[PDB]
Amino acid sequence: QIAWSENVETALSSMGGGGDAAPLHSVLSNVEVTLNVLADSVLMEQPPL
């Protein structure tokens, strides 16, 4: 949560110049990428913790 919050804060601060392109997409992509790994890592067998 902290990493996501800092990333979004930095991206919004950078974008503050009247919509400077869209770095937020990268952040969003990052989340999706991470999510994909989780969606791949839950199918296998894992310890309960």
# chains A, B, ... in the order shown; residues from 1 in each chain; ligands from 1

call {"tool": "select_by_dssp", "arguments": {"residues": "chain A", "states": "alpha helix (DSSP H)", "output": "ChimeraX atom specification"}}
result
/A:2-15,24-41

call {"tool": "atom_distance", "arguments": {"atom1": "atom CA of residue 11 of chain A", "atom2": "atom CA of residue 26 of chain A"}}
result
9.4 Å

call {"tool": "atom_distance", "arguments": {"atom1": "atom CA of residue 23 of chain A", "atom2": "atom CA of residue 36 of chain A"}}
result
20.2 Å

call {"tool": "atom_distance", "arguments": {"atom1": "atom CA of residue 12 of chain A", "atom2": "atom CA of residue 30 of chain A"}}
result
15.6 Å

call {"tool": "closest_residue", "arguments": {"among": "A:39, A:22, A:34, A:48", "to": "residue 8 of chain A", "atoms": "only C-alpha atoms"}}
result
A:22
